[PDB]
Amino acid sequence: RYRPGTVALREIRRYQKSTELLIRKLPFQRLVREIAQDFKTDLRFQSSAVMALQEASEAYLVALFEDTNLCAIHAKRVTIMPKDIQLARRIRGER
Amino acid sequence: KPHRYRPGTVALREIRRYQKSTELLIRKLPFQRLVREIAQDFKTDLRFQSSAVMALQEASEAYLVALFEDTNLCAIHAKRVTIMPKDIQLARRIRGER
Amino acid sequence: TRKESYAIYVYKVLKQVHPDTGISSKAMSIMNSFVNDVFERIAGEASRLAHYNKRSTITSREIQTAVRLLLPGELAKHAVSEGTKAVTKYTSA
Amino acid sequence: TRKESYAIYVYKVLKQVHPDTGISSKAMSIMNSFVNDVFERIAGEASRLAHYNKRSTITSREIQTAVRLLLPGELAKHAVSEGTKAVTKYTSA
Amino acid sequence: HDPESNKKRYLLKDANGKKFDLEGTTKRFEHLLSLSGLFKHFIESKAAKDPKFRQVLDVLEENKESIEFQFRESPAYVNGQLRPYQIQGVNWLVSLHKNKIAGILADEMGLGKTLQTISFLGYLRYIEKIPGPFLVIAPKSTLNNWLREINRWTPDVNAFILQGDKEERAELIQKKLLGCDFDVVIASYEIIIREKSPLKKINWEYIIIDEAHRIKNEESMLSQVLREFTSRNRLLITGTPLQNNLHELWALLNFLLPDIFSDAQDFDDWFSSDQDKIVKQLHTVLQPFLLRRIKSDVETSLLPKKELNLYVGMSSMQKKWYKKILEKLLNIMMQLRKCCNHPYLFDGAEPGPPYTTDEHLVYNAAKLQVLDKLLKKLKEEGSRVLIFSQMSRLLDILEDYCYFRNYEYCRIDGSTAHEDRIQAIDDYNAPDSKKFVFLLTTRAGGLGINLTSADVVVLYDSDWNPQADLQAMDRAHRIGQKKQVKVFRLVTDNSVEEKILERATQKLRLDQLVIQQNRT
Amino acid sequence: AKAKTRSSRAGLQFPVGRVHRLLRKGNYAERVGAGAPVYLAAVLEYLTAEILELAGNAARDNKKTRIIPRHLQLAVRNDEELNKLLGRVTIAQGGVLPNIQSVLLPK
Amino acid sequence: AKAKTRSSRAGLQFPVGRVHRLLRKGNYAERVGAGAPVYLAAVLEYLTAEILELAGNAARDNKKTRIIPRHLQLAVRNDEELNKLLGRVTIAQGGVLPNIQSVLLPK
Amino acid sequence: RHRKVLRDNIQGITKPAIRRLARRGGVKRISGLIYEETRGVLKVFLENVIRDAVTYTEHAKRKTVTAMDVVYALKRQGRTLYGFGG
Amino acid sequence: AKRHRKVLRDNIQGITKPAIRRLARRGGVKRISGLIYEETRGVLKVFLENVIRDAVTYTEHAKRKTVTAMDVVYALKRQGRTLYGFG
DNA sequence: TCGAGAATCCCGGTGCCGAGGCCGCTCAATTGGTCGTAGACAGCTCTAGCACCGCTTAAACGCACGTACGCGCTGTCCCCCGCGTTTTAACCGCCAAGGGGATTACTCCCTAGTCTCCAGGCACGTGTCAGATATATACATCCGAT
DNA sequence: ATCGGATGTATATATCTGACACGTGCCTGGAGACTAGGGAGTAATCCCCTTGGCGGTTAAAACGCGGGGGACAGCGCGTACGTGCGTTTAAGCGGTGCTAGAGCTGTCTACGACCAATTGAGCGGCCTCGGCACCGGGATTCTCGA
Ligand SMILES: Nc1ncnc2c1ncn2[C@@H]1O[C@H](COP(=O)(O)OP(=O)(O)O)[C@@H](O)[C@H]1O
Ligand SMILES: [Mg+2]
């Protein structure tokens, strides 16, 4: 057994070195269609359109988690919390 | 024993007083000297308009007040009530300015 | 010496919602800046919209779509209603 | 049909900055988007500049000032140098 | 009197007493047209708006006891006696009052004008049985002198200075002003501007202004404030009317009598544009309004001064900096005047970072070379010297030079506080003082400074306004100078200093031709 | 015939003709339709009326009858829609909303 | 009267005629000067070469011949001027810079 | 595209996916309440972007949403994206 | 040796500590650490340098030597901080 | 846990200045009439988006065990606040001169736009190979428990 | 400190697929006239900004002191996260068919541009009188030490 944090650090190094997409594709496609059906019914999507949506959303989430990590460290902590997320995207101006 | 207010109760009164008003909080002559010195490194022999200096001061103080609000939020997040240079740095780093 | 501004029209609008209220010159200048900024935003979005579809004309359709893109939520619905009412009245007259 | 790309010019520049390297299709698409983005940014700033100064034409002075506004520091210096060099070489011919 | 009657009469008996007084303006125009027929132009120009003044004019024209109370044998009520020309001035003031016209007392400084003014006020209170209120606006430095003079020659009057901190001023206002327990008020320019409201609500019998040339830009806030005041008559005391312009004289006159000299365009078109001989003779338009005496036919013991212009040529670094300025931090024509004084006034012109005060100081500036040679020469004779300059940084440089050559100095510029100002004046003016030079900015200290011990003045830097330099000379030419004053203006040849000198000479010629010619 | 302004023909207060001129001379497109100035003038009028009603309410709350930049700021920052539309705008001489964090209060 | 492109006449690689046409048909101004396309093409070519050399250096660092979006991202993010120019830009199939806060590393 | 209504698809953004995103962000420990907050923020962001993209596709009188519509929506929200045209 | 300047403490020090305290009070902060003032002065200097650089670029493109309120407003809008009230 | 007492709000009185209201004029909106070309509409075609279906296999899920970390509590300094006393710098008012910059005409020239032909340059469609995956395979190199 | 595992990390070989080179043609950039209007240069007027001085009032700013309360460190503890292991499951991949709808072509109106003539709307200038700022003074509230 590895002590807690070792596998997490190896995972950080693994995912900060790759470039792939970290969310599954079919679940995200279903999500965007379900969201879109609240604006106009019987809508069709280009595969490129869904791919661009996934890239943008994943970049947004990764860049948000960096700020959340900074907020958690600022409070002498290593665990990120919903209050950290709220502080991050309240300082950014998305509140 | 002469009357004395406990620490903090005058700071809160000042907070209310200054959040109720609208006038500028920095002195015009020092601010004008500062901007005139800063502009000397981009083009010497520059003239200024009074409205230009006024616009610079309004923008600067709005920026600083917003920064202090964010700094206060960081300080409270860290379970404190005193704002610190680390809080200022965190606020400017999250906003994307550093 | 002639500087055009929206002050006269803003005052006409003010005397309709608050018939007994005045306005200072600083608030007038802020209102003029606000009107110019909103005009620029809507016109720029409409220009981009016409460019995206290879159109040479800016029409009320482009203005409506730009308004829906820029204004948030409840503001956009009422703005679209007002614009449509004005266009129908004008084209009927 | 017949969409323009910038791909061949980007490849020409690449084949002289790094004569023996290549480039992937997705990377080339990214490079094309970068060129178009910078073009529209500089042109928009130059247009706004000419409108501010009440001029009808866009000239190399507007392009130079837009470059100085948009680029950071050393990039702005070297880009100004290259643009001026090209303009002088073109005029003296 | 009693505070009740003074409350009844001093205060504004009506809400708005400022209106068109027909009798006063009729008498004014009658006396004016009796004096001469030149003022018809002013009356016609002002008649283009109000037909009441025009109807007064034509009524007076179609109809076509000045008691000679010369007040000789100086007033008994005034303590002691005073000189005959003072009697003549008091008689002039009485004639002005009985003819319902104002005037400008323009005796030269030191002749004594406060005594004449307070004697005139004593005449009013005693021979005309009319006490105050009387407003007296003076520079802040002279309020105590005014109070002492009033308490000395006519002691039995009420005079309180309105000076003091805000609370003291308010309590004084309530105790005396609104209480109407006074006769004469002494106030400063800043006090008049500040305590405007409690002072407007008084029916003033007179507004005396010492050093009235201060009120010469009729757009100055003091002018606007003084216009809102309500008074019966006004008086101006100043030794330098028409400093550098005819418009300023018109502004003084417009304050004095705003109905006569109501148009500045008329006064400018009067002379500004033989061609300049007969029009000069038309200065009888100002003959009854101005009285000026010269301290040469009255006094005597003050030998006159001799002025020499010492021309110098720029040095090598001066030439370099002059060319660098001329063809091209540096944001005005004054940079040319800095270079003509000393190149060290620009940062970096002084050689090298580890600065040493040595001969290069005098070496690098030609004015300083000539000044050094002349200073040594005068030091042979033991004469004491006053240095004047438009700039105080040049006074710093001169201080360093003077210390480097072991001379004893004392500085008075705008920075030095009033107490040490008096201290330095006393040190220099000690009967056995060992101080040699007195560094001094030209426009400093007002008029209270009395450096009579010195007998040599050098104007290291001339001024746009010739009257400022004339006052600077007067700081040593003041009454009591038993020696002979010797003045030296340093002029840099073939530079902008010649242009400044030419402009100042034009202005001085204007003053001499207009006011100093027929002053008698 | 008799001239009638397009503003009156559309029942508006804002200048349809001036909006048309600015659209034509602003380098926005090669041609401008007939209904675009009308639509844009109507939208501008609506937004102006909205913000002015809120500002007048604020002025009357402060026991004054004249709108000032403070009242404009109070109107804008107290409404979520206008606060979103004007998020990056700073109103000169406007001040801030009075707001003290509850952790900072006594006891 | 053999033709000679203004792109070759200026010594550039990017097209000057195409840039001129895009400026002329982009609704930027009523008129377009003669040297504006040349200046703009020179600036664009300079920026392209600037980013491309850094991307090629990164590709050589990873021992690869072709340039991929990962190399473009590495170049842009590791160069400070380019990172400030492309601050609000997402590069698809790029990634992040390897960076771990020091507080998280084991003692 | 006929008679299809979907629900609860936000739960398809699984906890391991959020954890991978946090790891690429450089996060070592994750609180158990972070996943619902993440789902909320993702849904809000996606709603805004899709609203703008659908507005563009409606103006073009189309029924298909294109990558260029998505790119325009992101660019107007201030999140320029390279690699899908433009 | 007084002909030398030996005067004029730095112009950034003209943003006195009471002024920064007033700005903090308007921002709603209660206790201020002693090291906040130097940090605030540095932040303000950086902001002013950016804005003034852009404004000077505008005015020198216009071929003037006077910075105007319009130049400052354009510079601010270009940074992304629109300012209402100066035209 | 009730008085001191200090700060704040709420009243009247001034007073002053800027917001509204009126008048003249001029210049941009409006009206009427060509004209030409964008876009609106109808028709076609072919592509790519959608709906399935089957199959494999990683990835997600649920559960357990147990550290280590987040949180509460307790002292301890020490640093920041409240307050009083100096003192000093901002803030008005002034003086001088001169240039910068905005208007408002004028003159004029040269540099753009607008056409007409007409060749080359570039986009598109192909047909190869070599650089970049995929698998194994052995090595070295951290990590964690004795 | 040393040893036993588990995890990258190079290293070699085989595939394939996508990047690059080559050929067509067509449409767009270039050459060449011709023209008109945009912008540069000139001149006059008036108002604002700079520089280096002066004088004065008067709040803020700076400084020192005391003391209180907040920061910071240390300790304990008890959950709640991480790690790892079976177990489903549903995502990804490949293949197929179907049809909607995206994109292109051709016609031809109808609607925008443009021009000339006319005239009302809006801008600048001028004047005044209420709204708001300021100033005592008096009641009210809130803090503090009992
Ligand atoms: N007995 C006297 N008779 C005349 N003048 C006197 C007498 N005593 C003193 N003086 C002078 O009167 C002068 C007052 O006038 P002055 O100082 O010239 O005032 P200002 O400078 O305002 O003209 C004093 O300087 C003083 O020397
Ligand atoms: Mg005197």
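Quick notes on this one:
- D:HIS78/E:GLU219 FRET efficiency (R0 51 Å; Cβ-Cβ; nearest 0.05): 0.40
- Förster radius 60 Å - calculated FRET efficiency between B:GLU23 and E:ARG519, Cβ distance, rounded to 0.05: 0.65
- Comparing D:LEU70, D:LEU49, D:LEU14 in a Gaussian network model of chain D where C-alpha atoms under 10 Å apart are linked, the largest mean-square fluctuation is found at D:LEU14.
- Taking the axis that rotates chain C onto chain D, the chain C residue nearest to it by Cβ, with the distance rounded to whole Å, is C:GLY44, 5.
- GluC sites (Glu not before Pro) restricted to segment E:209-250 and DSSP loop, no more than 14 other C-beta within 10 Å: E:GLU219
- Estimated distance in nm for a label pair at G:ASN99 and E:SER36, the labels positioned 7 Å out from Cα along Cα-to-Cβ: 8.8 nm
- Take each residue in F:54-62, count the other chain C-beta atoms within 10 Å of its C-beta, and the mean is 3.
- Whichever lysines have a C-alpha closer than 17 Å to that of H:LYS15, once near sequence neighbours (fewer than 8 apart) are set aside: A:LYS25, H:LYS28, H:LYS43
- Here the Gaussian network model covers chain G, with springs between Cα atoms less than 10 Å apart; of G:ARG88, G:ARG66, G:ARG18, G:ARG88 fluctuates the most.
- Axis-proximal residue of chain F for the rotation onto chain G, reported as residue and distance in whole Å: F:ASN27, 3, based on Cβ position.
- Computed about the Cα centre, the dipole magnitude for segment D:1-77 is approximately 220 debye when only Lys and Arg (+1) and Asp and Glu (-1) carry charge, each at its Cβ.
- For chain E, the ratio of Cα radius of gyration to the globular rule of thumb 2.2 N^0.38 Å stands at 1.11.
- Positive-end residue of G:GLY56, G:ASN78, G:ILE67, charge dipole of segment G:19-85 with Cβ unit charges: G:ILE67
- Here the spin labels are modelled as points 7 Å beyond Cα on the Cα-Cβ line, and at E:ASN203 and B:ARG98 they lie 7.1 nm apart.
- Segment E:20-32 - phi-based ³J(HN,Hα) in whole Hz, Karplus 6.51/-1.76/1.60, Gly and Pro as x: 8, 8, 6, 4, x, 6, 5, 4, 4, 5, 4, 5, 4
- Positive-end ranking of B:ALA91, B:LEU12, B:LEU34 along the dipole of segment B:2-98, with charges on Cβ about the Cα centre, is headed by B:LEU12.
- Cα gyration tensor shape of chain D, rounded if a/c is under 1.5, else prolate or oblate by comparing a/b with b/c: prolate
- Here is how far apart the F:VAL103 label points are across copies: 1.5 nm, shortest first, using a point 7 Å from Cα toward Cβ.
- Overall shape of the protein assembly as shown was characterised from the C-alpha gyration tensor. The equivalent ellipsoid obtained from it has semi-axes of 74, 39, 34 Å, in decreasing order.
- Neighbour cut-off at most 16 other Cβ (10 Å), DSSP loop, trypsin sites (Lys or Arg not before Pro), segment E:388-443: E:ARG405, E:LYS434, E:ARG443
- When each of E:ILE43, E:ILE173 is scored by the number of other beta-carbon atoms lying within 10 Å, the sequence from fewest to most is E:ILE173, E:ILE43.
- Local charge for E:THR505 was computed over the other residues whose Cβ lies under 13 Å away, with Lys and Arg +1 and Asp and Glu -1, and equals -2.
- Beyond 29 Å in Cα-Cα separation lie the following of the pairs E:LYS18/E:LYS49; E:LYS7/E:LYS52; C:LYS15/H:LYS75: E:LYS7/E:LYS52; C:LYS15/H:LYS75.
- Each copy carries a label point for G:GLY11 at 7 Å from Cα toward Cβ; from one copy, the others' points are 6.8 nm away, ordered from shortest.
- The trypsin sites (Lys or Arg not before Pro) of segment D:50-93 that meet both conditions, a loop assignment by DSSP and at most 14 other Cβ atoms within 10 Å of the site Cβ, are D:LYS54.
- Stokes-Einstein D in µm²/s, Kirkwood radius over Cα pairs - segment H:1-84 at 20 °C with 1.002 mPa s viscosity: 141 µm²/s
- Crossing angle, helix G:69-78 versus chain G [Cα axis fit, 0-90 degrees, rounded to tens]: 80 degrees
- Cross-link pairs E:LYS46/E:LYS499; C:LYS26/E:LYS13; E:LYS8/E:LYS166 - those with Cα-Cα distance over 31 Å: E:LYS46/E:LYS499; C:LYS26/E:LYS13
- Cα-centred dipole magnitude for chain F, charges only on beta-carbon of K, R (+1) and D, E (-1), debye, nearest 20: 540 debye
- Across the copies of the chain, D:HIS51 has label points (7 Å from Cα along Cα→Cβ) spaced 1.1 nm apart, shortest distance listed first.
- In terms of packing, defined here as the mean over residues of other Cβ atoms within 10 angstrom, the peptides H:6-15, B:33-42, I:64-73, G:39-48 line up highest first as G:39-48, I:64-73, B:33-42, H:6-15.
- Gain on full extension, evaluated as 0.36 nm per residue between E:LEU470 and E:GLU380 minus their Cα-Cα distance, stands at 29.7 nm.
- About its Cα centre, the dipole of chain B is roughly 620 debye, where the only charges are +1 on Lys and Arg Cβ and -1 on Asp and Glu Cβ.
- Once you reduce segment F:43-106 and segment E:365-423 to the center of their Cα atoms, the two points are 63 Å from each other.
- Residues in segment F:87-107 that a label on D:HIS51 would reach, taking backbone N under 19 Å of a point 7 Å out along Cα→Cβ: F:89
- Within segment F:53-82: backbone nitrogen closer than 11 Å to the C:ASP20 label point (7 Å, Cα to C-beta): F:65
- Ordering of I:31-37, E:395-401 by packing [mean C-beta count within 10 Å, highest first]: E:395-401, I:31-37
- Of the beta bridges in the protein assembly as shown, as assigned by DSSP with both residues counted there, near 0 percent are antiparallel.
- Average other protein chain Cβ within 10 Å of Cβ, residues E:259-266: 0
- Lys/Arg +1, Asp/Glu -1 at C-beta; chain D dipole; positive extreme among D:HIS51, D:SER29, D:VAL10: D:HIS51
- Projecting label points 7 angstrom from Cα along Cα→Cβ for H:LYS61 and A:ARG14 puts them 5.3 nm apart.
Bear in mind these aren't lab numbers, they're just calculated from the coordinates by the rules spelled out. Cβ: placed from backbone, ideal geometry, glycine included. Neighbour counts: every protein chain shown.
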